[PDB]
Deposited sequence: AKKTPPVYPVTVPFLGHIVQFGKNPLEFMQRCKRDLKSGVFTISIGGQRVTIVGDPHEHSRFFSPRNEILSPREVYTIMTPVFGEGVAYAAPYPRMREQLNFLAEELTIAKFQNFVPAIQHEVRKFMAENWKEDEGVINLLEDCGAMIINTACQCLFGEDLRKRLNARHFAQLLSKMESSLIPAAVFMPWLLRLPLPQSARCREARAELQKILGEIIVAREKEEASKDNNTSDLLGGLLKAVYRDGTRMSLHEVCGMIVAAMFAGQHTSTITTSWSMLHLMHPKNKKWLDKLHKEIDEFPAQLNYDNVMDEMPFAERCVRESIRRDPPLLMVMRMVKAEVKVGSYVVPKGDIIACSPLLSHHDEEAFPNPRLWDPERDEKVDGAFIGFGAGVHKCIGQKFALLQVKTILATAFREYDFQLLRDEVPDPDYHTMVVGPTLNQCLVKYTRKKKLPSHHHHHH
């Protein structure tokens, strides 16, 4: 009944925040290698951080209930972004209720409209920015613009898009997230909240006026508005109450924030690999898959006739996962294989680490869409168990739709010799900005 072997500190109360900041992959790999164990504890400012680095031991982290493993006290940082009483700020039972309303808005039933709506905004963006036949663009900043555009074309109603467009909304999103610093998640003890508040107090009033307007159309039942907002208004809790504007806006914000960073990074990655000359066989097999498709794609095409595309996307999330660390706070310990994690200990599971386990993924730095996890449950890019990703189906659909639409009508050339190196400065990891310069070439008669 002993604890994981603690990696020693040299500079004290720095813990490892410097060695970790530069390159998390190498650091964690070295820790795993030296300690001869996938399971080990590191110190971050004195805090006992315990990583579960053995892909065979994943279900230990993802299976327990919240009362045993609590995300809240480690994920608090998001409380100003979504507001109070929303998500973690709210108690677990009612957060579950909140998440149920959101998940019931991303049902495969809603997805029938999404495919044509995503294609519309991709082709709009390509008509206004891909204007020349040959041009240089930054892929990372462009896929983001496409992700926010198409996501608003899916879950935002006509009237809401007239009173808010995506391009202004993304400026509200960045206005809101800038209060996040990676080194504020382990210390329980704001110069940006002042700008964070004014963004929500702006969005909340805009939404409130759309609601005031929709209740004055509601008389006809002819308004027929069934978007993310439309369903969240109708939401009724277990105890008869309904969502207030504060809880409503927070939910919309969360819906967009979650998808926009993770999806755009995924898309960008996916495009850089296929674009690369070493990956030509994969680009061809992609083409073999999408060449037969009509100009206007339907739900079946993307979902049913596009497995290989999904193999590329998933591989991209397997190789370079957007979220490096998933975290919990232990309230009551349960055995982790042979070791045991004590109460008060901060337990983590790292998609960045696990996705690079030689047994699970031989040659982890190789992009290979046809490869299958050699250990069941190794791939945890969307998480697993109690807190698996509810946006997984939508993001997959979103990225695939974009890839199919882009490659069908364009060719791409990477100004670089090698695929961009990930940037670990940010908490959510994507490829380097100044490395993401790409040349586009339009396909002609």
{"query": "Deposited-sequence ranges lacking C-alpha coordinates, in sequence order", "finding": "1, 191 to 195, 452 to 460"}
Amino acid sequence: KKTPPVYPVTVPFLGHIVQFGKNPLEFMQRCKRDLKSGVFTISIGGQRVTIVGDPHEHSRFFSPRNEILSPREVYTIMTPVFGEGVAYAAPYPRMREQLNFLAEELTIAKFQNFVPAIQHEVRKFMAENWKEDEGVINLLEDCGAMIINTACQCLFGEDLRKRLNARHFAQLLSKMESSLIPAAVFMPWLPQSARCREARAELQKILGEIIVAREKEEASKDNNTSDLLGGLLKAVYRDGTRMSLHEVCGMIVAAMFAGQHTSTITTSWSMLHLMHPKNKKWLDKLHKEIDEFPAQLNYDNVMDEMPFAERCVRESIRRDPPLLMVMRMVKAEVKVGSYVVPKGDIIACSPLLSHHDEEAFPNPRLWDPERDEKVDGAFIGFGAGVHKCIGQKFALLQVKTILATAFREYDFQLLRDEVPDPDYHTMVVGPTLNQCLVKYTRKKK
From here on, numbers count along this sequence of modelled residues.
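In this text, rigid core is short for the largest set of C-alphas that superpose within 1.5 Å between two forms.
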{"query": "Core-aligned Cα RMS comparison in 9 other deposited structures of this protein - stretch that moves more, 206 to 214 or 122 to 130", "finding": "206 to 214"}
{"query": "Outlying stretch relative to shown form, 152 to 160 versus 100 to 108 in 9 other deposited structures of this protein, C-alpha RMS (core)", "finding": "100 to 108"}
{"query": "Coordinates lacking for residue 220, a third or more of other entries", "finding": "yes"}
{"query": "Given 17 to 25 and 429 to 437, the range whose Cα B-factors average higher in the PDB entry", "finding": "17 to 25"}
{"query": "Which of 72 to 80 and 147 to 155 has higher mean CA B factor, as the PDB entry lists it", "finding": "72 to 80"}
{"query": "Residue, from 342, 351, 116, 259, that the PDB entry assigns the highest Cα B-factor", "finding": "342"}
{"query": "Of the residues 312, 275, 103, 236, the one carrying the largest Cα B-factor as recorded", "finding": "236"}
{"query": "Among modelled residues of the same chain, the CA temperature factor third for residue 214", "finding": "highest"}
{"query": "Chain third (lowest, middle, highest) by recorded CA B-factor, residue given as residue 335", "finding": "highest"}
{"query": "Residue 223 - Cα temperature factor, lowest/middle/highest third of chain", "finding": "highest"}
{"query": "B-factor third for the C-alpha atom of residue 268 within its chain", "finding": "lowest"}
{"query": "Third of chain Cα B-factors occupied by residue 59", "finding": "lowest"}
